[PDB]
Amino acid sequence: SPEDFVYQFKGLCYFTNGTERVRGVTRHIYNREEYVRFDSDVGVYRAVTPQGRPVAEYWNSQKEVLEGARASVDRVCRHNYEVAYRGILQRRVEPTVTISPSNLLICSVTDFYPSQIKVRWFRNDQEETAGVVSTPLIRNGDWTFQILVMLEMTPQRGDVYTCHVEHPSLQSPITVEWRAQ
C-alpha cells in the first residue's frame, strides 16, 4: 500500500435561531489530528495539539490574520446565510409512505427533506409502542432521507394497521393502511 499524508482545512459556520447566534470555526488537520483552530467564541487561534502551538502564537501576533479571522463570522457565515442557506432552508420534499410485510410489518418512509420526522404505528386506532423498532434516520446523499420503522405483529382477520407520518412539509399527517391478507 502506498504511504500517504493528508491535510484538511475545514471552514465551518454554526447557526442557531435564524442568524441571531452565529459561530464560525476553522480547523487545520494533519491526517486525523486537529492541531490548531480558530473559534469565534474564543476569539483567537488555539493550539489543539503540541504541533499547533507555534502556528497559533505566530498568527495571533499578526494584526491582519487575527482581525480577518474575527471578521469571518460576518464576511463568510452571515454572508452565505443570506446568499444561499436561507434559500436552501425553504426546501421541502414530502415523504412517501409505504407498508409491506417481510411476522413483521414495515413502514418504509422515503424521499423526504428536511430530516424532522414523526412516525407512529396503530392497531385499530390504538398506538403500538412495544413491538415497534425503528432504524436511525438514513441520509441518501442526494438531499433526501428515509427511515424504516418495523412493528412486531400477529395478524387477525379483522385488524387494521396504520402507519402515521408527520413532517414539516405536510399540512396534515399521512396515514397508510394495511389489513389482514
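Start at 1 with the first residue shown and count on from there.
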Exercise for review: Count, per the entry, the deposited residues between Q90 and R91 that are not modelled, and return the matching class: none, 1 to 3, 4 to 9, or 10 or more.
Suggested key: none
Review point. If you average the Cα B factors in the entry, which is higher, 152 to 160 or 138 to 146?
Key: 152 to 160
Exercise for review: Could you tell me which third, lowest, middle or highest, the C-alpha B-factor of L66 occupies within its chain?
Suggested key: highest
Review point. What third of its chain's C-alpha B-factors does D41 belong to: lowest, middle or highest?
Key: middle
Practice item. Could you tell me which third, lowest, middle or highest, the C-alpha B-factor of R27 occupies within its chain? Key: lowest
Check your understanding: Split the chain's modelled residues into thirds by Cα B-factor; is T175 in the lowest, middle or highest one?
Key -> middle
Study note, to complete from the structure: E128: CA temperature factor from the record, placed by chain third, in the middle
